[PDB]
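Report on one structure; see the data block that follows.
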Amino acid sequence: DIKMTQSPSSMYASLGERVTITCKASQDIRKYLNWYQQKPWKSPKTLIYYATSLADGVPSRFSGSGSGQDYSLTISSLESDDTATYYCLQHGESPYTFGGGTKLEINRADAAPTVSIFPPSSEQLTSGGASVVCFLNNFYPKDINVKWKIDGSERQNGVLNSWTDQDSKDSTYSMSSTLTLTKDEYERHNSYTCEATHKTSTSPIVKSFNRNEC
Amino acid sequence: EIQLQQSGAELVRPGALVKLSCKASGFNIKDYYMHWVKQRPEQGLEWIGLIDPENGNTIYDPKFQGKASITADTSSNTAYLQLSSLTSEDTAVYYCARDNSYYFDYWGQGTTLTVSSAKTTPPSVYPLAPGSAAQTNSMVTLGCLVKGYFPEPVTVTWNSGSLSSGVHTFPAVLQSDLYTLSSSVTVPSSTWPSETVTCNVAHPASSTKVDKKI
C-alpha cells in the first residue's frame, strides 16, 4: 500500500568520509520510519527509530532526519566496519514496508593478494576424488580473474569460484578457487597452476605445483 | 537472558505445506507483537505479518494473504508460521522478531527453508594443509574443504570459535543439488604444528557434526 524508495542502491566511500542514504515514501508516514543495518548473514540491527532517535548502542556518528515523506540516514565519518546493507522501514501504515536496501563498500588503497595452492588431500584421494584449491587473500579492489592450467596454457572447466564479503577490519576481499577432478584424471597430469590477474601489477601471479606425488 | 529460538533449517517439497516455530525465552509473548520477516538469498527483507499474542489479532501483507498464517500459543510462548503450496520462491530465511513498540529489538537466528525435490546429502570434510610453510608470509595459511552437501546451511568454526582472527569463510556455490564451501585461517608460523588447529563443521539438515584437526 505504501511504497518506499531507497537511494542509492549501492555506494562506495572512503574512510573518514560523510555518507547520506535516502528514503522516500508514497505518502506522509508521520515520522514512523526506522533504519536497520544488516551485516552479512546476521539478523538486522536497528540504528535509528522514529526518524531521529538513536537505538541501542549505536555510535554518535550516525544520525537521521526527515519528515513527511522524505527521510535520510547520515554517517558522519566512515569507519571500516560500516560495510553492511542498510534498510529503511516505515511503520506508519499496515502493512509495514521495507525500502530496497543500499549496500555500502569502503573504498580503500589497492592491495595485492597473497596466494596459496593446496593439492588433493589424502582423505579425499581415498574416495576417488581430487580437488585442488587456490586461496587469494586480502586484495583490493574486488576485481580479479583466475585461470587454471593443466600441463600448459591448456587451461580448464569444472571450477568453482567464490568471494567473501568485504572485511570489517581491513576492508579487503578474498577469493577461493577450486578445480574439482576425479582421482583418475588427476593422476594423468603433472603440473597444476592457477594464475591471477589483478591491476596491482602488470605481471600475472602464477602459483604452481607438480603432482609428482610418490 | 532473552532469546528467540527458531527451527534453523528444513528441506520441503514443491506443493507441500510447512509450519515454523519461534520459542521465546526470558519474556512473555502476550506482552509484545511478534513479527515474521523473509529474506530471499541475494535479496531484500520483506515484511510478512504480525500477531498480538495477548488476544490473537493478526495483520499480514496482502502479498501473503492465503499463503501465510500466523498463530501463537501463550502457554508455550511460541509464535508459528505456516506457509502452504510451496514453490521455489519460498526458499528463503524466515526470521521472527520482537516488537517493543519502537523497533524490533530481538531477532531469532532464522530458519533456512529450501523448497526442492533434491534429497538431503551430508558434507565431506577435507583438511587443507601446506606443502611447506605456505610462504606467502611467516604466517601459515590453512583450510577446510566442505563439499557436496544439501541443503544449506553449514556453519564452519575454528577451535570451537576460539579462533576468529584471520578467518575467511567463502559462501557456498551450488552445482547440481550440491554446495561447496571453504574456509581459511592464517596463523603465525609459531603456533602450528605446535598448537592444535581444528575446524568444526555442522550441517543442521542432516544432524552431521564433524571435527577435523589439521
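Chain labels follow the order of the C-alpha cells: the first chain is A, the next B, and so on; residue numbering restarts at 1 in every chain, and ligands are counted from 1 in their shown order.
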
> Once you count only C-alpha atoms, which residues of chain A turn out to be within 7 Å of chain B? Could you give them as a ChimeraX atom specification?
Replying inline: /A:43,49,95-98,100-101,114-116,118,121,123-124,162-164,176

Just the selected residues (N, CA, C and O atoms), exported as an mmCIF file, in the first residue's frame, please.
```cif
data_model
loop_
_atom_site.group_PDB
_atom_site.id
_atom_site.type_symbol
_atom_site.label_atom_id
_atom_site.label_comp_id
_atom_site.auth_asym_id
_atom_site.auth_seq_id
_atom_site.Cartn_x
_atom_site.Cartn_y
_atom_site.Cartn_z
ATOM 1 N N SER A 43 21.238 -11.383 11.616
ATOM 2 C CA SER A 43 19.943 -10.747 11.521
ATOM 3 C C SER A 43 20.218 -9.245 11.570
ATOM 4 O O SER A 43 21.353 -8.831 11.867
ATOM 5 N N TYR A 49 15.358 4.969 15.171
ATOM 6 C CA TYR A 49 13.932 4.775 15.249
ATOM 7 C C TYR A 49 13.242 6.129 15.334
ATOM 8 O O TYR A 49 13.859 7.128 15.746
ATOM 9 N N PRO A 95 0.242 -2.589 5.645
ATOM 10 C CA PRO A 95 1.383 -3.380 6.103
ATOM 11 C C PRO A 95 2.675 -2.574 6.132
ATOM 12 O O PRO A 95 2.862 -1.637 5.335
ATOM 13 N N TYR A 96 3.561 -2.947 7.056
ATOM 14 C CA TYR A 96 4.839 -2.303 7.186
ATOM 15 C C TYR A 96 5.638 -2.586 5.924
ATOM 16 O O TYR A 96 5.600 -3.698 5.391
ATOM 17 N N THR A 97 6.405 -1.594 5.484
ATOM 18 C CA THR A 97 7.164 -1.715 4.257
ATOM 19 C C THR A 97 8.655 -1.318 4.352
ATOM 20 O O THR A 97 9.003 -0.284 4.917
ATOM 21 N N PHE A 98 9.513 -2.209 3.844
ATOM 22 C CA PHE A 98 10.965 -2.032 3.807
ATOM 23 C C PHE A 98 11.352 -1.400 2.480
ATOM 24 O O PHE A 98 10.735 -1.680 1.451
ATOM 25 N N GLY A 100 14.221 -0.931 -0.553
ATOM 26 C CA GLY A 100 15.037 -1.988 -1.145
ATOM 27 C C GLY A 100 16.445 -2.254 -0.611
ATOM 28 O O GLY A 100 17.064 -3.256 -0.977
ATOM 29 N N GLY A 101 16.953 -1.373 0.246
ATOM 30 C CA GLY A 101 18.292 -1.521 0.791
ATOM 31 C C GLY A 101 19.381 -0.854 -0.031
ATOM 32 O O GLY A 101 19.187 -0.592 -1.227
ATOM 33 N N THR A 114 47.628 -12.475 -1.437
ATOM 34 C CA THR A 114 48.649 -13.435 -1.031
ATOM 35 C C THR A 114 48.038 -14.747 -1.521
ATOM 36 O O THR A 114 46.937 -15.080 -1.089
ATOM 37 N N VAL A 115 48.682 -15.437 -2.469
ATOM 38 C CA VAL A 115 48.140 -16.702 -2.987
ATOM 39 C C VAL A 115 48.701 -17.977 -2.347
ATOM 40 O O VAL A 115 49.851 -18.011 -1.898
ATOM 41 N N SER A 116 47.828 -18.980 -2.217
ATOM 42 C CA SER A 116 48.142 -20.300 -1.665
ATOM 43 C C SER A 116 47.432 -21.341 -2.502
ATOM 44 O O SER A 116 46.333 -21.112 -2.965
ATOM 45 N N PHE A 118 46.654 -25.654 -2.655
ATOM 46 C CA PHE A 118 46.699 -26.940 -1.942
ATOM 47 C C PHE A 118 46.315 -28.066 -2.879
ATOM 48 O O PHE A 118 45.386 -27.945 -3.658
ATOM 49 N N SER A 121 43.888 -33.677 -0.811
ATOM 50 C CA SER A 121 44.259 -34.252 0.455
ATOM 51 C C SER A 121 44.139 -35.743 0.318
ATOM 52 O O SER A 121 43.354 -36.217 -0.511
ATOM 53 N N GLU A 123 42.792 -37.969 2.508
ATOM 54 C CA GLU A 123 41.444 -38.366 2.870
ATOM 55 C C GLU A 123 40.590 -38.475 1.635
ATOM 56 O O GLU A 123 40.013 -39.524 1.382
ATOM 57 N N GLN A 124 40.558 -37.410 0.838
ATOM 58 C CA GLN A 124 39.772 -37.385 -0.393
ATOM 59 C C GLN A 124 40.252 -38.371 -1.495
ATOM 60 O O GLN A 124 39.442 -38.961 -2.203
ATOM 61 N N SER A 162 34.482 -18.307 -5.573
ATOM 62 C CA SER A 162 33.681 -17.689 -4.546
ATOM 63 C C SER A 162 34.434 -16.532 -3.887
ATOM 64 O O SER A 162 35.640 -16.633 -3.655
ATOM 65 N N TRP A 163 33.740 -15.424 -3.627
ATOM 66 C CA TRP A 163 34.341 -14.275 -2.954
ATOM 67 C C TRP A 163 33.671 -14.077 -1.637
ATOM 68 O O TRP A 163 32.462 -14.232 -1.522
ATOM 69 N N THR A 164 34.450 -13.688 -0.644
ATOM 70 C CA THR A 164 33.869 -13.365 0.644
ATOM 71 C C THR A 164 33.206 -11.969 0.473
ATOM 72 O O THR A 164 33.091 -11.405 -0.635
ATOM 73 N N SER A 176 38.171 -17.818 -3.197
ATOM 74 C CA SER A 176 38.551 -19.230 -3.194
ATOM 75 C C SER A 176 38.347 -19.788 -4.602
ATOM 76 O O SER A 176 37.341 -19.473 -5.231
#
```

>> Excluding residue 180 in chain A and its own-chain neighbours fewer than 6 positions away, which residues fall within 9 Å of it when counting only C-alpha atoms? Please give them as a list in words.
In response: residues 129, 130, 131, 132, 133, 158, 159 and 160 of chain A

>> Show me, as a PyMOL selection string, the residues that have an atom within 9 Å of residue 3 in chain A when counting only C-alpha atoms, minus same-chain residues fewer than 4 positions from it.
In response: chain A and resi 24-27+97-99

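Residues of range 4-124 of chain B carrying a DSSP assignment of helix (DSSP H, G or I), computed from the backbone, are residues 29, 30, 31, 62, 63, 64, 88, 89 and 90 of chain B.
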
Now that the selection is made, can you save its residues with C-alpha atoms as a compact mmCIF listing (two decimals), in the first residue's frame?
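New file result17.txt:
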```
# COMPACT_ATOMS: atom_id res chain seq x y z
CA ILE B 29 4.96 -13.14 24.18
CA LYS B 30 1.49 -11.97 25.30
CA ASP B 31 3.26 -8.68 26.06
CA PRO B 62 -1.65 -8.58 1.16
CA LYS B 63 1.02 -10.42 -0.87
CA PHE B 64 0.88 -13.32 1.63
CA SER B 88 10.70 -22.25 -5.46
CA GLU B 89 10.14 -18.58 -4.48
CA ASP B 90 9.54 -19.68 -0.88
```

>> Considering only strand (DSSP E) as DSSP defines it on the backbone, what residues of range 69-148 of chain A qualify? List them as a ChimeraX atom specification.
In response: /A:70-75,84-90,97-98,102-107,114-118,129-139,145-148

Residues from last step as file, C-alpha atoms, as a short mmCIF file (atom, residue, chain, number, x, y, z; two decimals), in the first residue's frame:
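File produced: selection_11.cif:
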```
data_model
loop_
_atom_site.label_atom_id
_atom_site.label_comp_id
_atom_site.auth_asym_id
_atom_site.auth_seq_id
_atom_site.Cartn_x
_atom_site.Cartn_y
_atom_site.Cartn_z
CA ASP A 70 11.47 12.39 2.99
CA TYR A 71 13.98 10.72 5.19
CA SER A 72 17.75 10.21 5.35
CA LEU A 73 20.38 8.45 7.49
CA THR A 74 23.82 10.02 7.62
CA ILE A 75 27.18 8.51 8.76
CA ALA A 84 26.80 -3.58 5.52
CA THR A 85 23.45 -3.25 3.84
CA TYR A 86 21.15 -0.60 5.27
CA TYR A 87 17.34 -0.67 5.05
CA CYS A 88 14.66 1.81 5.99
CA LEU A 89 11.31 0.62 7.35
CA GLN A 90 8.07 2.52 7.51
CA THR A 97 7.16 -1.72 4.26
CA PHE A 98 10.97 -2.03 3.81
CA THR A 102 21.63 0.14 -0.04
CA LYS A 103 24.96 -1.62 0.05
CA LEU A 104 27.96 0.40 1.32
CA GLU A 105 31.52 -0.61 0.40
CA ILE A 106 34.64 1.09 1.78
CA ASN A 107 36.92 2.47 -0.98
CA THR A 114 48.65 -13.44 -1.03
CA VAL A 115 48.14 -16.70 -2.99
CA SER A 116 48.14 -20.30 -1.66
CA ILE A 117 47.51 -23.54 -3.54
CA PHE A 118 46.70 -26.94 -1.94
CA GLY A 129 38.19 -37.67 -5.90
CA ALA A 130 40.85 -35.00 -6.38
CA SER A 131 40.13 -31.38 -5.54
CA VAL A 132 42.78 -28.71 -5.97
CA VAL A 133 42.16 -25.44 -4.04
CA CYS A 134 43.67 -21.99 -4.51
CA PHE A 135 43.31 -19.18 -1.97
CA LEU A 136 43.67 -15.46 -2.90
CA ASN A 137 43.53 -13.42 0.28
CA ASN A 138 43.36 -9.77 1.35
CA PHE A 139 43.39 -7.98 -2.01
CA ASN A 145 40.45 -13.12 -12.56
CA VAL A 146 41.79 -16.65 -12.01
CA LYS A 147 42.58 -19.28 -14.74
CA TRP A 148 43.58 -22.87 -14.13
#
```

Which residues are near range 157-161 of chain B? Cut-off 8 Å, only C-alpha atoms, ignore same chain within fewer than 6 positions. Put them as a CSV table (one decimal) with N, CA, C and O atoms, in the first residue's frame.
```csv
chain,number,residue,atom,x,y,z
B,197,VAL,N,45.1,-26.8,15.6
B,197,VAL,CA,44.1,-26.0,14.8
B,197,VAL,C,43.2,-27.0,14.3
B,197,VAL,O,43.5,-27.9,13.5
B,198,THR,N,41.9,-26.9,14.7
B,198,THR,CA,40.8,-27.8,14.3
B,198,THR,C,39.6,-27.0,13.7
B,198,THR,O,39.3,-25.9,14.2
B,199,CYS,N,39.0,-27.6,12.7
B,199,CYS,CA,37.9,-26.9,12.2
B,199,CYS,C,36.6,-27.8,12.4
B,199,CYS,O,36.6,-29.0,12.3
B,200,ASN,N,35.6,-27.1,13.0
B,200,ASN,CA,34.4,-27.8,13.3
B,200,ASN,C,33.3,-27.4,12.3
B,200,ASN,O,33.1,-26.3,11.9
B,201,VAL,N,32.6,-28.5,11.7
B,201,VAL,CA,31.6,-28.2,10.7
B,201,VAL,C,30.3,-28.8,11.3
B,201,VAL,O,30.3,-29.9,11.9
```

> Counting only C-alpha atoms, what is within 8 Å of residue 116 in chain B, bar same-chain residues fewer than 2 positions away, as a PyMOL selection string?
Replying inline: chain B and resi 11-14+88+114+118

>> Env of residue 61 in chain A: 12 Å cut, atoms = only C-alpha atoms, seq-sep filter 2 positions within chain, self excluded. Answer as a VMD selection string.
In response: chain A and resid 16 to 20 47 to 48 54 57 to 59 63 to 64 73 to 79 82

How would the residues just picked look written out with N, CA, C and O atoms as a short mmCIF file (atom, residue, chain, number, x, y, z; two decimals), in the first residue's frame?
```cif
data_model
loop_
_atom_site.label_atom_id
_atom_site.label_comp_id
_atom_site.auth_asym_id
_atom_site.auth_seq_id
_atom_site.Cartn_x
_atom_site.Cartn_y
_atom_site.Cartn_z
N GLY A 16 36.63 8.01 6.83
CA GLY A 16 36.57 9.40 7.21
C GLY A 16 35.72 10.23 6.26
O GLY A 16 35.81 11.45 6.27
N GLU A 17 34.89 9.59 5.44
CA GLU A 17 34.05 10.36 4.53
C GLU A 17 32.64 10.44 5.15
O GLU A 17 32.32 9.66 6.07
N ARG A 18 31.86 11.46 4.78
CA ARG A 18 30.48 11.61 5.27
C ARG A 18 29.54 11.01 4.22
O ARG A 18 29.62 11.36 3.03
N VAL A 19 28.63 10.16 4.67
CA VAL A 19 27.68 9.48 3.80
C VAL A 19 26.20 9.79 4.11
O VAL A 19 25.81 9.99 5.26
N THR A 20 25.37 9.78 3.07
CA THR A 20 23.96 10.02 3.23
C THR A 20 23.14 9.08 2.37
O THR A 20 23.34 8.99 1.16
N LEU A 47 19.42 0.87 13.92
CA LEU A 47 20.30 2.03 14.13
C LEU A 47 19.52 3.23 14.68
O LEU A 47 19.87 3.79 15.72
N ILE A 48 18.45 3.58 13.96
CA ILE A 48 17.60 4.72 14.26
C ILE A 48 16.10 4.40 14.22
O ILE A 48 15.64 3.62 13.39
N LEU A 54 18.27 7.53 18.22
CA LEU A 54 19.32 6.52 18.10
C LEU A 54 18.95 5.33 18.94
O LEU A 54 18.62 5.48 20.11
N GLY A 57 22.91 1.21 21.67
CA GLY A 57 24.35 1.19 21.43
C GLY A 57 24.91 1.60 20.08
O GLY A 57 25.96 1.11 19.65
N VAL A 58 24.23 2.52 19.40
CA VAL A 58 24.71 2.96 18.12
C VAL A 58 25.60 4.19 18.30
O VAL A 58 25.31 5.06 19.10
N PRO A 59 26.72 4.27 17.56
CA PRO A 59 27.63 5.42 17.66
C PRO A 59 26.98 6.75 17.29
O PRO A 59 26.03 6.80 16.50
N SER A 63 23.24 9.51 12.38
CA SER A 63 22.15 10.43 12.70
C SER A 63 21.07 10.31 11.63
O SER A 63 21.31 9.79 10.53
N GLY A 64 19.89 10.81 11.94
CA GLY A 64 18.81 10.71 10.99
C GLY A 64 17.94 11.91 11.07
O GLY A 64 17.95 12.63 12.05
N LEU A 73 19.52 8.94 6.41
CA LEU A 73 20.38 8.45 7.49
C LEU A 73 21.72 9.02 7.09
O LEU A 73 22.02 9.08 5.91
N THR A 74 22.52 9.50 8.02
CA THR A 74 23.82 10.02 7.62
C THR A 74 24.91 9.49 8.55
O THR A 74 24.67 9.33 9.75
N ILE A 75 26.02 9.02 7.97
CA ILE A 75 27.18 8.51 8.76
C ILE A 75 28.25 9.58 8.53
O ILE A 75 28.77 9.72 7.42
N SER A 76 28.52 10.35 9.58
CA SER A 76 29.45 11.48 9.54
C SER A 76 30.89 11.27 9.12
O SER A 76 31.44 12.10 8.38
N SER A 77 31.49 10.17 9.60
CA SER A 77 32.89 9.85 9.34
C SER A 77 33.01 8.34 9.26
O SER A 77 33.04 7.66 10.29
N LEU A 78 33.08 7.82 8.04
CA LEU A 78 33.14 6.39 7.80
C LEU A 78 34.29 5.62 8.48
O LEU A 78 35.47 6.01 8.43
N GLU A 79 33.87 4.53 9.12
CA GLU A 79 34.68 3.55 9.86
C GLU A 79 34.60 2.26 9.03
O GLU A 79 33.53 1.93 8.53
N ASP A 82 31.48 -0.18 8.78
CA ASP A 82 30.17 0.31 8.40
C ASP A 82 29.80 -0.37 7.07
O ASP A 82 28.88 0.08 6.40
#
```

> Which of these residues is nearest to residue 42 in chain A, using only C-alpha atoms: B:162, B:23, B:15, B:111?
Replying inline: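 Ranked by minimum distance to residue 42 in chain A, first place goes to B:111.
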